[PDB]
Amino acid sequence: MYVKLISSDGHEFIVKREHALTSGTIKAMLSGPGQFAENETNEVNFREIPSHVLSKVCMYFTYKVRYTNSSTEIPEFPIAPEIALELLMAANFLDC
Amino acid sequence: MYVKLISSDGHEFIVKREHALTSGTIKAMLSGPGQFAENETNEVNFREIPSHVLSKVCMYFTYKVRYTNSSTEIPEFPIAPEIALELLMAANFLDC
Amino acid sequence: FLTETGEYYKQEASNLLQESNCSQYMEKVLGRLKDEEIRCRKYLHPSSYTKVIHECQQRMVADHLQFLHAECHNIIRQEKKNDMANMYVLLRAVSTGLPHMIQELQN
Amino acid sequence: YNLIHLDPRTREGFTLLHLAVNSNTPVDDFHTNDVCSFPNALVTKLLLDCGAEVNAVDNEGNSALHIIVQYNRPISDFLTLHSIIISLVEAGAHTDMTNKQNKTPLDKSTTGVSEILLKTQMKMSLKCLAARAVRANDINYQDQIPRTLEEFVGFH
Amino acid sequence: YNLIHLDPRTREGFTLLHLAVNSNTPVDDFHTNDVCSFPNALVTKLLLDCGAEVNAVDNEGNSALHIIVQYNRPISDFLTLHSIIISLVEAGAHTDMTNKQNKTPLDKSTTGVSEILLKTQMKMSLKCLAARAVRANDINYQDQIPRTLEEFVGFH
Amino acid sequence: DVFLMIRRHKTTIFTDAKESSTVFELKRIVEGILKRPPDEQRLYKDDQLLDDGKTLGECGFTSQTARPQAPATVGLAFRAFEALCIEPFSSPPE
Amino acid sequence: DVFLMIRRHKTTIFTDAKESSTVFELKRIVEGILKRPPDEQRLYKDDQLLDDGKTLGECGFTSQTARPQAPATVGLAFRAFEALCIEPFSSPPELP
Amino acid sequence: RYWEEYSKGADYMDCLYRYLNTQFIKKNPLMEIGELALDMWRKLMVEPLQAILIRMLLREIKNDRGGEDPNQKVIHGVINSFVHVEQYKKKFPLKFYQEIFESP
C-alpha cells in the first residue's frame, strides 16, 4: 500500500505504507477520522515540513525498514550540515 | 564447608563444599540422612569411582565454579583420551 | 471453609445485632475481624488470607449496610469520633459503604 | 497433546515443534499473514506444555534449537526469539546437541543476538565435555557405557 | 515518589536510579547481603514507576543506562540484567546518550551480553541520527529548536 | 535491493526493486500507483532515455550506488512527449 | 588466581589463593582443613622444600601454570622428619 | 449509545494528542489522553451510576433467565464497558469489573 506525503512546497512524496508507519504521528494521522477507507489516495499534508526534509525522512523510512534487523555493518545515514537542524525538528514532530 | 569426597582407592579429595554441590548427586548425598550438621567430616564415600577420574571431576568442579558466569572464551577442559569414557560415566553418575 | 465461615459469621452478625447498638456492634465486628486476621494467619495458607477476610467482611459489615448506613446519620451529626473512626474502617472495605457516609459527612 | 503423541513428520523430518520455530514455514496469502506469523512464542510454548519432543531430530539433523537460532530477524521481534529460546531451554532442550554435520547450535547461528542469547542459557556440564572428548577421538563406546549415554554420545 | 521529587544526589552525582542499577553500591556486612543486592530489578522498576529521572547524568557523564551495561556478571543473573535493561529502555532512557567522553552505553559495555541485549532494545530513530549530526559539527541550536529537543541534543 | 526515487514534476515515489529486474514491472508499478496508461510514461536516467526492454543490472543502478540512504533517482514526464521536469526541493542555508 | 592440589599420602585438598599470597596462608588453610597446627607441617613443590617467607607469585605458582583446569600439586608432610610419600592416582585403562 | 461513540472517540483523541502523550505527559500525576478520557468516564459517569446501571443490568439478565430476550449488544456492551474503561491499568485490569459487576 502506498501513502502520499505533502510538504509545504506541494511535493507529493508517495511512499509504501509499511515504511511510512515507522514514524508515530503518520501512523496517528492515518488513524481516527483520517483513515478514508476507500484506498484511492491516502494522503497526509504537512503544512510546516519543507520538501527537502520530507525527502530525507522518506529516505530514512526506507533506510530503517531495510536495516531494522541487519546489525552487521549498519551504514551511516548521510545528513548534510544544512539539513541537520530541520531534519531533527521533523523527526521530533513525526516521532520518527 | 569442606566436603571430603573419598574415591575407590581411598584418595580423599577434600574440596570446597560450594564447589561440590554443583553436581546433583553430591548435593543429594549430603541431603537427607547424610547431612551430619556438625562440620566435622562431611565425608562422601564413592565406592565406584576411581581416584584418577574423581580428581578430574574435582578439577571440573573448580573450573565450573570459576568460569560459570564469565563466558569470555573459557579455556577448553583438558580431558585425556584414555580417561574419557570413564569421566563420561563419572559425570553421568555425578550429574553435571 | 469459606462456606462454613460464611454461615458462622452470618449467625454471629445476627447475634451481635440482637444485643448491641451501632456504637457497640462496630467495635465487636472490628474485634472479630482483627481476630480473624489471626485465626486465619496461624491456620490457613497465605493465599487464603484475603479471601477469608473479604468474605467475613461481606457477611458481617456488608450484609448489614442497612443497619450501618441508617445509623451513619446519628454517628456523623454528633461528632462521635471514636465511633466515626470505627465506621470508616468498616465501611471502606465494603464495596458501597463510603459513598453514602461521605455524603452524610458533607451534609 | 493427542496430535503431539501422534508425532507428525514433514517430508524433511520437521516435527511439530520444528515448524513452529522455523521462519521458513509458509503462511498462505490470505489474512493468516496478519495473525499467524512464524516463529511464534505462544505456539512453541503451547507445544512444549503439551509434551512436544523438544530434542526431536529431523532427517537433516537439526534439533528444535538449531532451527530457531538461524532466525534472520533477531532484533525487531527479539521478544518472540528470546521467549522461544528460554521456553526450549528450560523444558528439555540440549543446548550442545550436535546435528549430522557436527554443528553446535552456536555454530549454526549466523547471528550474534541468537548466539549470545543461547550462551546465556548454556549450563556447562562435565557430561557434555566428556561426550565431546569421547566423540572427537573416536573411542569405541559400544556396551562400555550405559545405553542412555550411548545415545547421549550420539547427541554430541 | 516524594523522595524522588526531592532528587537526592550522591557525592559522585549518582541519583537514586544510578545506585539501584550499580554493582558498586555498598551493602553492609550484616544479613542485608542475604536479601539486599544490587543491581536489583524490583528496585529499579519501583523507582521508574515513581517517575525517577531516567536520563539523569552524574558528574562524570554516565547515565542510568551506562551503569548497568557495564555489569560484569551477565550470565549468572541474566534475569535481573534483562529486566533492568528493558525497564530503563521502556521508561525512556535514551540508549544513544553520551557521557562527557562521548561514549554511548554500547561503547561502555565491556561485555558482549549487555552490549547485544542493549542493541536488541535500540529502536533506531531519525531523531537520534539528526541530533548526532547536529552536535557533531557544532551547529548553533540554541532557541532554534523545541526546548524538549535542546536537552535531547545535549544527550548526544 | 535497488532503491529508486521516481520523480515527476513534483510527485516522488520511493520504490524498491530487485538487483536485476526489468523496466516493465516497475513501469507497471508506477502505472498502478498513479492510474495512467504506459504509453506516456518513459523512464529517464540523468538525461538519458530508456525503453521497456533493459534491466537495472546493466543500466547503472548498482546496489552499491542505489543504497536506500541515498537512492538513485529517475525521472518521468507525462504526455497528453515531454522532457525532464525535475524541480529541486529547496535549500535554506544555516 | 592460583589453584593448588595439596597432597598428603592419599588425601588431596583443592585450594584457591590470590595471585599475591605467601606460604603462611596455605599453612593456615590446611590447619583449618586437616586440623593440624602449622608448626609440624611444611609445604613442598615437586619434592623440594619451601619456606614460610616467600610468596607463591615468585615460588613458581604463576597464574598460567596453576590454572583451575590443571592445578599444580603441592606436597605435605606431618611430623609424628618424614619424607614425602605421595601416592599417585589410579592407572587409567588402555585404549580399547 | 454514549459509550460506543465515546470509547472510539477516546482512542481517536489519543492519536490527536500523540505529541502530548509522548513528549510531555510521559516525561511529566498526569495520564495519557487515551487513559485520561477513560478515567474521566469511570469517575464521572460510571461511578455515579453504580446503583442505576447494576440494578438495571441484573434485572435485564434476570429477565433473560425468566424467558424474555434483552438486547444482547446493549447488555454485553455495558458490561464490557466496566472492563474496557480500565484497559490502561497495568495491575488488575479486571478490578473495576469484578468489584462493580462480578460481586453483585
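Only residues that are in a loop (DSSP other than H, G, I, E, B), within 14 Å of chain E (Cβ to nearest Cβ) and not aliphatic (A, V, I, L, M): list them for the stretch B:48-76, please.
In the first step, residues of the stretch B:48-76 are kept if they are in a loop (DSSP other than H, G, I, E, B); the result is B:48-50, B:67-76.
From what's left, within 14 Å of chain E (Cβ to nearest Cβ): B:67-74.
Within the stretch B:48-76, B:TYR67, B:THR68, B:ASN69, B:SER70, B:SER71, B:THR72, B:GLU73 qualify.
Which of the residues that make up the stretch E:8-37 are surrounded by 11 or more Cβ atoms within 10 Å (Cβ to Cβ), over 16 Å from the mean Cα position of the chain (by Cα) and not hydroxyl-bearing (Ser, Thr, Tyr)?
Selection gives E:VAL27, E:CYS36.
Mind listing just one residue for me: the one in the stretch G:43-66 that is in a loop (DSSP other than H, G, I, E, B) and of a type in the set (A, V, I, L, M, F, W, C) and, of those, surrounded by the most Cβ atoms within 10 Å (Cβ to Cβ)?
So the residue we want is G:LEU56.
Anything in the stretch B:27-38 that is exposed (fewer than 14 other Cβ atoms within 10 Å of the Cβ) and part of a helix (DSSP H, G or I)? List them, or say none.
B:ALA28
Only one of A:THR41, A:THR25 is out of contact with any helix residue (DSSP H, G or I) (no Cβ under 9 Å at 6 or more places or on another chain) and of a type in the set (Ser, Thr, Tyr); which?
A:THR41
Which number in (1) in a helix (DSSP H, G or I); (2) in contact with a helix residue (DSSP H, G or I) (Cβ under 9 Å, 6 or more places away or on another chain); (3) facing another protein chain (nearest Cβ under 7 Å) marks the one condition that A:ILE79 misses?
With (1) in a helix (DSSP H, G or I); (2) in contact with a helix residue (DSSP H, G or I) (Cβ under 9 Å, 6 or more places away or on another chain); (3) facing another protein chain (nearest Cβ under 7 Å) applied to A:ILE79, the lone miss is (1).
Quick one: in the stretch D:111-156, which of the residues that are facing chain B (nearest Cβ under 7 Å) and among the charged types (D, E, K, R) is nearest to B:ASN92 (Cα to Cα)?
So the residue we want is D:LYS127.
With touching a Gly at 6+ places or on another chain (Cβ under 9 Å), surrounded by fewer than 21 Cβ atoms within 10 Å (Cβ to Cβ) and β-branched (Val, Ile, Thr) as the only criterion, which of B:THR41, B:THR68, B:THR72 stands out? Spell out the reasoning first.
On the way: B:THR41 fails: touching a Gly at 6+ places or on another chain (Cβ under 9 Å); B:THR68 fails: touching a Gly at 6+ places or on another chain (Cβ under 9 Å).
Sole residue among the options that is touching a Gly at 6+ places or on another chain (Cβ under 9 Å), surrounded by fewer than 21 Cβ atoms within 10 Å (Cβ to Cβ) and β-branched (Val, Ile, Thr): B:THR72.
Tally time: how many residues in the stretch E:15-44 are in contact with a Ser or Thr (Cβ under 6 Å, 6 or more places away or on another chain), over 22 Å from E:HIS156 (Cα atoms) and part of a helix (DSSP H, G or I)?
Counting residues in the stretch E:15-44 that are in contact with a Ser or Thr (Cβ under 6 Å, 6 or more places away or on another chain), over 22 Å from E:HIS156 (Cα atoms) and part of a helix (DSSP H, G or I) gives 4.
Yes or no, residue by residue, for (1) crowded, with 18+ Cβ neighbours inside 10 Å; (2) among the small types (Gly, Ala, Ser):
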| residue | (1), (2) |
| --- | --- |
| F:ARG28 | no, no |
| F:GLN41 | yes, no |
| F:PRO68 | yes, no |
| F:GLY75 | yes, yes |
| F:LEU84 | no, no |
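Scan the stretch E:81-113 residue by residue and report those that are within 13 Å of the chain's Cα centre (by Cα) and either among the aliphatic types (A, V, I, L, M) or closer than 15 Å to D:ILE75 by Cβ (or both).
The answer is E:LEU81, E:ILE84, E:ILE85, E:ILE86, E:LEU88, E:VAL89, E:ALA91, E:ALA93, E:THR95, E:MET97, E:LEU106.
Could you grab me the full set of residues in the stretch G:13-31 that are more than 22 Å from B:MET59 (Cβ to Cβ) and of a type in the set (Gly, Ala, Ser)?
Within the stretch G:13-31, G:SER20 is the sole residue that qualifies.
Scan the stretch F:12-32 and tell me whether some residue there is over 13 Å from the mean Cα position of the chain (by Cα) and closer than 22 Å to A:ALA20 by Cα.
There is at least one residue in the stretch F:12-32 that is over 13 Å from the mean Cα position of the chain (by Cα) and closer than 22 Å to A:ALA20 by Cα.
Between a first residue in the stretch H:60-84 that is over 23 Å from H:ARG42 (Cβ atoms) and a second residue that is part of a loop (DSSP other than H, G, I, E, B), which pairs have beta carbons less than 7 Å apart while being 6 or more apart in sequence or on different chains?
H:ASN63/H:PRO70; H:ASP64/H:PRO70
In the stretch G:71-87, what residues are in a strand (DSSP E or B) and among the aliphatic types (A, V, I, L, M)?
Answer for the stretch G:71-87, where residues must be in a strand (DSSP E or B) and among the aliphatic types (A, V, I, L, M): G:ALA72, G:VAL74, G:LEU76, G:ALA77.
Output yes when any residue across the stretch B:10-22 is within 11 Å of another protein chain (Cβ to nearest Cβ), assigned to a loop (DSSP other than H, G, I, E, B) and among the aliphatic types (A, V, I, L, M), and no when none is.
Looking through the stretch B:10-22, none of the residues is within 11 Å of another protein chain (Cβ to nearest Cβ), assigned to a loop (DSSP other than H, G, I, E, B) and among the aliphatic types (A, V, I, L, M).
Could you tell me whether G:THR65 is polar (S, T, N, Q), within 14 Å of chain B (Cβ to nearest Cβ) and touching a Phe, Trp or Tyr at 6+ places or on another chain (Cβ under 9 Å)?
Values: polar (S, T, N, Q): yes; within 14 Å of chain B (Cβ to nearest Cβ): yes; touching a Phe, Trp or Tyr at 6+ places or on another chain (Cβ under 9 Å): no.
Spelling it out, it is not the case that G:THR65 is polar (S, T, N, Q), within 14 Å of chain B (Cβ to nearest Cβ) and touching a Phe, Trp or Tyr at 6+ places or on another chain (Cβ under 9 Å).
Run down B:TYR60, B:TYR2 and say which single residue is aromatic (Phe, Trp, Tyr), farther than 26 Å from D:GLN144 by Cα and in contact with a helix residue (DSSP H, G or I) (Cβ under 9 Å, 6 or more places away or on another chain).
Exactly one of B:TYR60, B:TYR2 is aromatic (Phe, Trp, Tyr), farther than 26 Å from D:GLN144 by Cα and in contact with a helix residue (DSSP H, G or I) (Cβ under 9 Å, 6 or more places away or on another chain), namely B:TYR2.
For the stretch D:103-117, does any single residue satisfy the condition of being acidic (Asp, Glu) and in contact with a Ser or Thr (Cβ under 7 Å, 6 or more places away or on another chain)?
There is at least one residue in the stretch D:103-117 that is acidic (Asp, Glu) and in contact with a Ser or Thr (Cβ under 7 Å, 6 or more places away or on another chain).
The numbers here are math on the coordinates, done by the rules we state, and not lab data. A quick note on method: Cβ atoms are made from the backbone with ideal geometry, for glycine too, and the neighbour counts reach across all protein chains shown.
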